[PDB]
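Student: Residue numbers (our numbering), protein chains in the order written: chain A, -14 to 79; chain B, 160 to 334; chain C, 129 to 864; chain D, 3 to 160; chain E, 61 to 76.
Just so you know, even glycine gets a beta-carbon here, dropped at the ideal spot from N, CA and C.
Got a structure for you, questions after.
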Amino acid sequence: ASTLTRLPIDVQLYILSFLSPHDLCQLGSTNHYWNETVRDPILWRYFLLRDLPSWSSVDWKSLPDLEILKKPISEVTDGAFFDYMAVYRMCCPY
Amino acid sequence: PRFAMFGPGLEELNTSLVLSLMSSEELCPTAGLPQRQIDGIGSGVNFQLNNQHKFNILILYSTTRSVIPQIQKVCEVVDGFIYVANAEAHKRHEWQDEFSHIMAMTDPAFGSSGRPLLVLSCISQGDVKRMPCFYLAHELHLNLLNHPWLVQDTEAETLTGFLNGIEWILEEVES
Amino acid sequence: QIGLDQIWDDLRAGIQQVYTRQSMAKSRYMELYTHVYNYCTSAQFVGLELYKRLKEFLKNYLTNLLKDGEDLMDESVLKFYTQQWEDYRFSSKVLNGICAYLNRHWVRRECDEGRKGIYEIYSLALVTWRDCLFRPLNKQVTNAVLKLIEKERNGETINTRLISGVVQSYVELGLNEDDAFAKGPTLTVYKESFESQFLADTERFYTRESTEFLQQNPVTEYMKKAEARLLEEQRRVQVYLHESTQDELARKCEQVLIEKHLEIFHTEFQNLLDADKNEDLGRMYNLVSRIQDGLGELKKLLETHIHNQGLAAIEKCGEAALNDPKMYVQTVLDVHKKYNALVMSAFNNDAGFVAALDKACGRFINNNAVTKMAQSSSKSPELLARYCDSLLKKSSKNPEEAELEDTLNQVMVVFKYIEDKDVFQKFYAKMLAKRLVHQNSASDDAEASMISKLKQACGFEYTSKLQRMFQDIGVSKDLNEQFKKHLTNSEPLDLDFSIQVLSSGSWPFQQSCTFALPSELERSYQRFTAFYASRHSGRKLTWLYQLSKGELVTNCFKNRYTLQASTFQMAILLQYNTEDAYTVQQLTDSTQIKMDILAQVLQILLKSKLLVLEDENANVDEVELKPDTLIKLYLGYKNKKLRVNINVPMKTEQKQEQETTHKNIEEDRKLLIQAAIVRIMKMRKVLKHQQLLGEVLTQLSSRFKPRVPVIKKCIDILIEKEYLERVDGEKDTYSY
Amino acid sequence: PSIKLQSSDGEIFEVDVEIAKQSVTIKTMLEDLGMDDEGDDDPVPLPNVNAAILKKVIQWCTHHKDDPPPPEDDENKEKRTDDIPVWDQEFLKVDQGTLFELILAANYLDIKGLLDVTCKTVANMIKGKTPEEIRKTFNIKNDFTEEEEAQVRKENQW
Amino acid sequence: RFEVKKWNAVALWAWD
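Take a look at the structure:
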């Protein structure tokens, strides 16, 4: 019931669109409403597209599993992944 | 132990990759030994990375075919495998012949199935456009490989990525 | 944070106030925007419940509108449609503004999520217009607009705002549902529902109109009406249609209005060309040229007519053109000029039409009625050659320099179509020689300009002989100046000596018989020999006396007559001065002149009536002078003038000179083709005979076109000249 | 020409129309509504914006009049929060409550520049801080117990 | 008697 929670969700995601992925995880790490409202596939799919060519290494244990079904799939009504951050957590340089 | 370094990308790239390999001071280069030189192939010699890692690699030139008898016997007692690949994003690339070659040199009948295959997707210089490694690896369909591998984007001249790829297969020495 | 149940009644009242055009106030619009915003900012995204009501309301409203325009008359519904469409569009735009927030909070979210079948609110109104009102009423409204376009084409004007509104609506209903981000004017439904019907109606109507107009009007008025129809169709596309129809409608109208009747167009063309209606031919070409590659055969038709006209032109000249070159060249040049004027104005100087004109002009210049009368094509340039001689002969009339340059340019234009250019070259060289050795030329700058034009037309070696002729006559003038300076410095002579030194190779000339030089003339000839021995001992002279005139005093008569004549005539007069009674054999043994030219000069002397035969009653103009025939100088003859000219040509020697020139150009043709085949066969060494003659034709087509018996004769000459060997059995292939 | 404005309080903020063209809501409203001399002096209610913050957005629109629109695609643009003009830096030196009211009013008026700079400023106010720092800043108490707080640490892992 | 005062002629220059 906070003021930031009471903000419209369109500008709320617009705010989070400017957040760096390194800083975004800690904001969603505060639990409550912010742990699930940061798990939006639409925002992270934009994150994946703008950060995939930047990286320079892929491993066997964290290979981009079915990535062609995630980023090159463009639009798909089967957006029930809900774990593009987990994909990003797998695709991050770590 | 040994490290068979092969791949048709040695001649595909404009820049000579073996020239900067043997001209890096911290990499501890060595001239080709005739004792370790294969018949009609390169001489895999010691390249002590950072003067701290005890390991030998086996360089193989660009050879294409089933594997020839000159390379299947050498690949037997090796800790892993090394393959060099194109990384420029210009046009369509061969994803089936390279996969067949990968399956040929990574046959389970040549030893342990856990031997990794380090793939060095390389460009000429830093100013040359590079294909993203995520796009290239899935185009090569490395999910079906089912044994360890690594695709690292590296530069031949500045050796930025050569150490990173070699360091990973050195961790697989115990495994 | 207010649920949809409370918002929706007020929102629906406001939206219905928007759609029913009552000029809704600004406060109500902002209140509706506030309602939508407060609903959307109350699952993760809540706009589906609002979108469904907007989708269902638009479906409900249009169905209620469709009943009003269900089955009214065709002229009515269109107007109705336009009016409704206009209001709908405006209403939708205002509606869009409210759901402007729905255009960012939720519709963008659904498009990002990939759930298709969703649209922006304005695009939603357009799509539901495409599925509730445009689809059932589309056939009726497009039939109505085709009927109204037919009415406007028939002549009755009508309000084009209705048609422009219908076409604008048809353009705007084309939406890319899958990719609304893909902008640009999409014409899918405009082409699928209007362009096909409109094009088919235009095909039918112009088919009917063109057939009726051909069956009820002449062809030229049909050309006028068809040009008017095409311009009016470009106007119709420009004013109240779409831009993209411009190419397709123009192509379809050209295919149905001009192409499908193109055959009957040819049926008029020559007939039109028979009437010399230059403006009508211009209209004809303007309409035909809109069809690609349709002019071609038509183009050829023009060529044929010109050729026929050219032949008729020569038939207007008749037999007189064979001996009067002025009328013949003027007739040919007039036909060429008239058709050049017709092709440069009506036909817009088309390259293909100019090529057809040039081909036809060559075809009736190289072979026409006078060439058939002279049984040879070589008469065609020669007469033209004689014509330019008539424009360089120094006559009593003095032509102006500018118009002389213009008509020599026209002569060069005519000569451009001559095949046998070498015949013209030789004839012009001979006539230039006859002009220069008698210094009977016109203004010298005209001669230089004509030579320069010939050089520009046919390279350097074509008129190198004439250029060295001019430099030789200049050298001869300077040599005469040197001779007169030397003789003024030295002892004086007895006569004014004005020799013209001539080149033995360039100038076409024949040496006449021998001569008995007079003693007083020998006294100056020896002085000239000493002169040229002093000046240049490396040259030799022949001194032909066929062309050498001069005036002599006439003391043995009534008074001093300074009449001039030929050198043979001066020799005869001096021989009679020695003794006034001479026989033909006596003149032959004295002057050492062969029989034919001596007989010719004696008969022209008797024609001049300066002296009489031994018998006055005997024939003069029809007598064959035997060697024993005596002639006595008629001292009783009186001359009307002190200076009398006798040097006039004879018809017999005129024809002899003409046939000699024909033989000379024939032998020059033989030598040129011999040297050409020698130069060609060394390049290939394997080329066969028909290919060899084809290559010869290609390389010397700029000079002449030899006849194939001459080609065979040259082939035989080079075979028994042993320069190259023939292949036994296969006589086609040769080798060197 | 100028347009009447009216907040949720009851006062008028008469401003030039080209100043108000930054709101594509107001721009559309002036574009397609049938503009004429009739019904032009009536104030337009805006029942979602406070009066003082409406004055603030009016001042922002007056200051942001002369800048031409740079129409560019944001997908190829580097999303950085340190490129804010300095005028907005002294403009937004105000407490978080009316700043969130400003964000909501900007979203209502779809002011692209103002919404962008407010989002950049709150991103700056979020970036580079521990989760406890944002929790203290915007006072959202953790409803979950300590085991979720333990597992989210290994979930985020920086 | 006959006396000569003017007589032009043409001579052919030939290179030997």
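1) Rank B/315, B/327, B/299 by C-alpha distance to the C-alpha of residue 309 of chain B and give the top, closest one.
2) Kindly list the residues whose CB is nearer than 6 Å to the CB of residue 373 of chain C, restricted to its own chain and excluding five residues on each side of it in sequence; keep chain order.
3) What does residue 154 of chain C touch in chain D if you count any residue whose Cβ is under 8 Å from its own?
4) Within the 7 Å Cβ cut-off, does residue 148 of chain C reach chain D?
5) If you check the beta carbons only, do residue 83 of chain D and residue 125 of chain D fall under 7 Å apart?
6) At 9 Å on the CB atoms, spell out the chain D contacts of residue 151 of chain C, in chain order.
7) Looking at C-beta atoms only, is the number of pairs between the segment 571 to 580 of chain C and the segment 600 to 616 of chain C that lie closer than 8 Å three or more?
8) So is residue 71 of chain D in contact with chain C if we call contact Cβ pairs under 7 Å?
9) Please confirm whether residue 682 of chain C and residue 689 of chain C have their CB atoms less than 7 Å apart.
10) Check whether chain C comes within 7 Å of residue 49 of chain D, counting only Cβ atoms and requiring the distance to be less than that.
11) Any C-beta of chain A within less than 8 Å: which residues of the segment 123 to 142 of chain D qualify?
12) For residue 637 of chain C versus residue 673 of chain C, is the C-beta spacing smaller than 7 Å?
13) Verify the CB distance criterion: does residue 147 of chain D have a CB-CB separation below 7 Å to chain C?
14) Are the C-beta of residue 767 of chain C and some C-beta of chain E separated by less than 7 Å?
15) Are residue 17 of chain A and residue 145 of chain D close, meaning C-beta to C-beta below 7 Å?
16) At which residues does the alpha helix (DSSP H) containing residue 314 of chain B begin and terminate?
17) What is the C-beta distance between residue 67 of chain E and residue 631 of chain C, in whole angstroms, given that I count them as a contact (C-beta under 8 Å)?
18) Please state whether DSSP places residue 741 of chain C in a helix, a strand or coil.
19) On the criterion of 16 or more Cβ atoms from any shown chain inside 10 Å, does residue 294 of chain C qualify as buried, or is it exposed?
20) Hey, could you find the ends of the beta strand (DSSP E) residue 281 of chain B is sitting in?
21) Report the residue ranges of all alpha helix (DSSP H) runs contained in full by the segment 759 to 843 of chain C; include only those spanning at least 4 residues, in chain order.
22) Select from C/833, C/331, C/862 the residue whose C-alpha is nearest the C-alpha of residue 813 of chain C.
23) Under 7 Å between the Cβ atoms of residue 511 of chain C and residue 456 of chain C?
24) Under 7 Å, Cβ to Cβ, is there at least one residue of chain A near residue 292 of chain B?
25) Closer than 7 Å, CB to CB, is residue 221 of chain C near chain D or not?
26) Using the three-state DSSP reduction, which class does residue 56 of chain D fall into: helix, strand or coil?
27) Can you confirm whether residue 228 of chain C, when its beta carbon is compared against all beta carbons of chain D, has any partner nearer than 7 Å?
28) Quick check on this structure: which residue in C/194, C/226, C/691 has the alpha carbon closest to the alpha carbon of residue 140 of chain C?
29) Kindly indicate the opening and closing residues of the beta strand (DSSP E) around residue 630 of chain C.
30) Suppose contacts are defined by Cβ-Cβ distances below 7 Å. Is residue 136 of chain B in contact with residue 234 of chain B by that definition?
31) Indicate the three-state DSSP secondary structure (helix, strand or coil) for residue 660 of chain C in the structure shown.
32) Beta-carbon within less than 7 Å of residue 212 of chain B's beta-carbon, same chain only, minus the 5 sequence neighbours each way: which residues are those?
33) What is the DSSP secondary structure of residue 174 of chain C, counted as helix, strand or coil?
34) On the DSSP letters alone, give me the boundaries of the alpha helix (DSSP H) that residue 603 of chain C sits inside.
35) Following the continuous beta strand (DSSP E) through residue 692 of chain C, name the residue where it begins and the one where it ends.
36) Hey, residue 712 of chain C and residue 755 of chain C: beta-carbon distance below 7 Å or not?
Tutor: According to the structure data:
1) Locating residue 309 of chain B in the second sequence gives position 150, where the first residue counts as 1. The shortest C-alpha separation from residue 309 of chain B is found at B/327.
2) Along the third sequence, read from residue 1 onward, the residue named residue 373 of chain C stands at position 245. Listed in chain order, the non-local C-beta contacts of residue 373 of chain C below 6 Å within the same chain comprise 365, local neighbours out to five positions each way being set aside.
3) Here residue 154 of chain C corresponds to residue number 26 of the third sequence, with the count starting at 1. What residue 154 of chain C touches in chain D: 31, 35, 41, 44, 46.
4) Here residue 148 of chain C corresponds to residue number 20 of the third sequence, with the count starting at 1. Residue contact with chain D for residue 148 of chain C: absent (no Cβ-Cβ distance below 7 Å to any residue of chain D).
5) On the fourth sequence, residue 83 of chain D is found 81 positions in, with the first residue counted as 1. On the fourth sequence, residue 125 of chain D is found 123 positions in, with the first residue counted as 1. In this structure, residue 125 of chain D lies closer than 7 Å to residue 83 of chain D by Cβ.
6) The residue labelled residue 151 of chain C in the question sits at position 23 within the third sequence. Per Cβ cutoff of 9 Å: 35, 36, 38, 40, 41.
7) Contact check between the segment 571 to 580 of chain C and the segment 600 to 616 of chain C: fewer than three CB pairs, one atom from each, fall below 8 Å, which does not count as touching.
8) In the fourth sequence, the residue the question calls residue 71 of chain D occupies position 69. For residue 71 of chain D, the answer is no, since every Cβ of chain C falls outside 7 Å of its Cβ.
9) Within the third sequence, residue 682 of chain C is the residue found at index 554, counting from 1. Within the third sequence, residue 689 of chain C is the residue found at index 561, counting from 1. The answer is yes: Cβ separation under 7 Å.
10) Locating residue 49 of chain D in the fourth sequence gives position 47, where the first residue counts as 1. Taking Cβ atoms only, chain C reaches closer than 7 Å to residue 49 of chain D, which makes this a yes.
11) Those residues of the segment 123 to 142 of chain D that come within reach of chain A (Cβ to Cβ, closer than 8 Å) are 124, 125, 128, 129, 130, 131, 132, 133, 136, 137, 140, 141, 142.
12) Here the question's residue 637 of chain C lines up with position 509 in the third sequence. Here the question's residue 673 of chain C lines up with position 545 in the third sequence. No, the Cβ-Cβ distance between residue 637 of chain C and residue 673 of chain C is not below 7 Å.
13) Locating residue 147 of chain D in the fourth sequence gives position 145, where the first residue counts as 1. No, no contact with chain C.
14) Within the third sequence, numbered from 1, the residue matching residue 767 of chain C stands at position 639. At a cut-off of 7 Å between beta-carbon atoms, residue 767 of chain C makes no contact with chain E.
15) Position 32 of the first sequence holds residue 17 of chain A. Position 143 of the fourth sequence holds residue 145 of chain D. In contact: residue 17 of chain A and residue 145 of chain D (Cβ atoms closer than 7 Å).
16) Residue mapping note: residue 314 of chain B aligns to position 155 of the second sequence, counting from 1. Per DSSP, residue 314 of chain B is not a residue of any alpha helix (DSSP H); the beta strand (DSSP E) it occupies stretches across 308 to 314.
17) Walking along the fifth sequence from the start, residue 67 of chain E turns up at place 7. Walking along the third sequence from the start, residue 631 of chain C turns up at place 503. That pair is no contact at about 22 Å.
18) Locating residue 741 of chain C in the third sequence gives position 613, where the first residue counts as 1. If DSSP states are grouped into helix, strand and coil, residue 741 of chain C belongs with the strands.
19) Numbered from its first residue, the third sequence carries residue 294 of chain C at position 166. Flag for residue 294 of chain C reads buried.
20) As a working note, residue 281 of chain B is residue 122 in the second sequence. If you look at residue 281 of chain B, you'll find it in the beta strand (DSSP E) that goes 276 to 282.
21) With a minimum length of 4 residues, the continuous alpha helix (DSSP H) runs that stay inside the segment 759 to 843 of chain C are 779 to 812, 817 to 828.
22) As a first step, residue 813 of chain C must be located in the third sequence, where it is residue number 685. Of C/833, C/331, C/862, the smallest CA-CA separation from residue 813 of chain C is found for C/862.
23) As a working note, residue 511 of chain C is residue 383 in the third sequence. As a working note, residue 456 of chain C is residue 328 in the third sequence. Residue 456 of chain C sits close to residue 511 of chain C, with the two beta carbons spaced by under 7 Å.
24) The count along the second sequence starts at 1 and reaches residue 292 of chain B at position 133. Chain A has a Cβ within less than 7 Å of the Cβ of residue 292 of chain B.
25) By one-based count along the third sequence, residue 221 of chain C stands at place 93. Residue contact check for residue 221 of chain C against chain D: a CB pair falls below 7 Å.
26) Translated into positions along the fourth sequence, residue 56 of chain D becomes position 54. It is helical.
27) Residue 228 of chain C sits at position 100 when you count from the first residue of the third sequence. Proximity of residue 228 of chain C to chain D, defined by a Cβ-Cβ separation below 7 Å, is satisfied.
28) As a working note, residue 140 of chain C is residue 12 in the third sequence. Ranking C/194, C/226, C/691 by Cα distance to residue 140 of chain C puts C/226 first.
29) The residue you call residue 630 of chain C lines up with position 502 of the third sequence. Counting along the chain, the beta strand (DSSP E) containing residue 630 of chain C begins and ends at 628 to 631.
30) An answer regarding residue 136 of chain B cannot be provided, because it is not within the stretch 160 to 334 covered by chain B.
31) The sequence position of residue 660 of chain C within the third sequence is 532, counting from 1. Helix.
32) Position 53 of the second sequence, counting from 1, holds the residue named residue 212 of chain B. Cβ-Cβ distances below 7 Å link residue 212 of chain B to 329 in the same chain, with the five nearest sequence neighbours on each side left out; the list follows chain order.
33) Position 46 of the third sequence holds residue 174 of chain C. The three-state secondary structure of residue 174 of chain C, taken from DSSP, is coil.
34) Counting from one through the third sequence, the residue named residue 603 of chain C turns up at place 475. Residues 592 to 617.
35) Against the third sequence, residue 692 of chain C aligns to sequence position 564. Looking at the DSSP string, the run of the beta strand (DSSP E) that includes residue 692 of chain C is 692 to 694.
36) Here residue 712 of chain C corresponds to residue number 584 of the third sequence, with the count starting at 1. Here residue 755 of chain C corresponds to residue number 627 of the third sequence, with the count starting at 1. The beta carbons of residue 712 of chain C and residue 755 of chain C sit closer together than 7 Å.
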